[PDB]
There are 2 protein chains.
Amino acid sequence: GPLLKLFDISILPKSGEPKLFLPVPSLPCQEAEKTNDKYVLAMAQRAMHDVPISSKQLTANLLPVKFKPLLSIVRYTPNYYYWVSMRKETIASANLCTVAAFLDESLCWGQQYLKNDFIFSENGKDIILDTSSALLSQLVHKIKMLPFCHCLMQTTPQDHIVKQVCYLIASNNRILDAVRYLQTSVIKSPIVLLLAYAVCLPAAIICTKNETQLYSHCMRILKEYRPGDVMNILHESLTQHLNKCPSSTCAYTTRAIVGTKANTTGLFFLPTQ
Amino acid sequence: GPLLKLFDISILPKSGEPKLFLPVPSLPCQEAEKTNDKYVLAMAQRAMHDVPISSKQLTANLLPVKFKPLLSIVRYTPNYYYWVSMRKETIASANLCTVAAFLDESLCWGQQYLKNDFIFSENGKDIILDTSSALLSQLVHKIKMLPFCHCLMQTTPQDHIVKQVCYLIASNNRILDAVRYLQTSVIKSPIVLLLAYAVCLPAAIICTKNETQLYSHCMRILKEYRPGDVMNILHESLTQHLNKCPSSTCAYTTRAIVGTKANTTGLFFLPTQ
RNA sequence: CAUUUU
Ligand SMILES: [Zn+2]
Ligand SMILES: [Zn+2]
């Protein structure tokens, strides 16, 4: 007979006059930051804007002296939700250049936690660490968009690992299950190593006292990292790929995922050797 | 003995220069578009730039007269991979403002196919329809990131349908399985309706004659759409949420996912009533 | 859907 109705007519909008913009919920004004340190205040003023990323370079062996000054904002700002929201906006709309920059920043920051005997916890109010889960999800989304030849044209592709780690995160954000799975094999692909680097901080933050062994594995990964590894791994893999992939279309699919340049809104620094 | 080695050291790149960019090849110069229609040529020149979206508004009463002239570029351009890669770059880095604009464009374009008895094909070389799957995946990514009060604070949330459709697309791009699931129920939430609108053209493109029932359902959805509905549905939902949700954290997180303005790079027109 | 993929 007649078909089943498609939808209830009551859910359609009350007005059919054209809307050119979505609502912007303007939010309260920011309080003054709680520091008089003019280097730290300058770093925050530049983090608020999309500065060319070369201007934000910070040599990693100078980061130790800057860590405690920068904590006055990164850990103790009165504008916590404003800063986290700013950074999540950039990450949720990030190309792979932007993802890579934020990953290197977060991992160098995490290594300073270790150097200073800080513990990792989700109640720690840290505007860099508290966007690391959003960043892991974004990295997985970029890897799933790349043509499959990027994973298959590595010396030891470990494609089954890439596929299962991406499924666990994309399907239901199963962060600790992804660590459990990564523990079962030696890592032999640089793409798998990027995923391990990206999972270690958001997993460590959510471990309870019943998951001390998983926490310990996350700290092994964090300690092996060296400043700049995420940018260095991707720069090398993408160059080799252009020199060997025979597809007539891969380069165009890939350029759109990688992007033209990074967006540094919310990024305090790009750490390098 | 020691624990299992973390990774084979050979996968790390040689330390060399500090990396401040990621490599992509440079684009060749453009060929001339195959038309002398000044109106079409002007629309394509604007499409190349992130100009304010009010300057790209098109009343959908005019789209039927412009459809055939515009095919000279959308369907027969000698610059196919330039246009599709430009549009996929914008969509893969898109906030929800941008996703909504491109969805309305694609749905109105698909309606002109239907009105003219054109068929939908994976190899049809259409720079608008060939980005509709990327757009579906990005809409699902945005819905997953919104605080869940957005889906639950609806008259009839159908929260189980939203979650399962999002699972099917995000886990394995199971587009036809998502249509099959949607066809079982009357749609009673605006969020579910947005997902139905976003799925109908990517599904129509990959249906064969062995999926004639699912194809018919996709054509039912496409015919019921009214130009501008994606922006109008999202504007009403976000306006009424802002009035009713009491969470301060929700406002900050929502602003991050929605964004403050659309990126129109690669967008030809924003269709409206 | 009831942890759905491998
Ligand atoms: Zn390739
Ligand atoms: Zn809310």
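When reading the values below, keep in mind they use all heavy atoms of this one structure, side chains included, and skip hydrogens, waters and symmetry mates. Here is the naming used below: chain letters follow the sequence lines, and residue numbers restart at 1 for every chain.
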- request: Please examine the side chains of B:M219 and B:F120, heavy atoms only from C-beta on, and report whether any two atoms are closer than 4.5 Å.
  value: yes
I need the [atom1]-[atom2] distance between [X] and [N], as an integer number of Å.
{"X": "A:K144", "N": "C:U5", "atom1": "NZ", "atom2": "P", "result": "15 Å"}
{"X": "B:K163", "N": "C:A2", "atom1": "NZ", "atom2": "P", "result": "11 Å"}
{"X": "B:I161", "N": "C:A2", "atom1": "CD1", "atom2": "P", "result": "11 Å"}
{"X": "B:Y181", "N": "C:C1", "atom1": "OH", "atom2": "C1'", "result": "6 Å"}
{"X": "B:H160", "N": "C:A2", "atom1": "NE2", "atom2": "P", "result": "8 Å"}
{"X": "B:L176", "N": "C:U4", "atom1": "CG", "atom2": "P", "result": "22 Å"}
{"X": "B:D177", "N": "C:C1", "atom1": "CG", "atom2": "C1'", "result": "11 Å"}
{"X": "B:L168", "N": "C:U5", "atom1": "CG", "atom2": "P", "result": "11 Å"}

- request: Identify whether any heavy atom of A:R174 sits under 4.0 Å from a base atom; if not, whether one sits that close to sugar-phosphate; answer base, sugar-phosphate or nothing.
  value: base
query: Using the rule for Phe, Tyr, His and the six-membered ring of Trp, do B:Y167 and C:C1 stack at under 5.5 Å and under 30°?
result: no
A:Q164 side-chain proximity, nearest of C:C1, C:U4, C:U6: C:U6
Exercise: do [X] and [Y] side chains pair donor with acceptor under 3.5 Å:
{"X": "A:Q213", "Y": "A:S216", "result": "no"}
{"X": "A:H241", "Y": "A:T254", "result": "no"}
{"X": "B:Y197", "Y": "B:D104", "result": "no"}

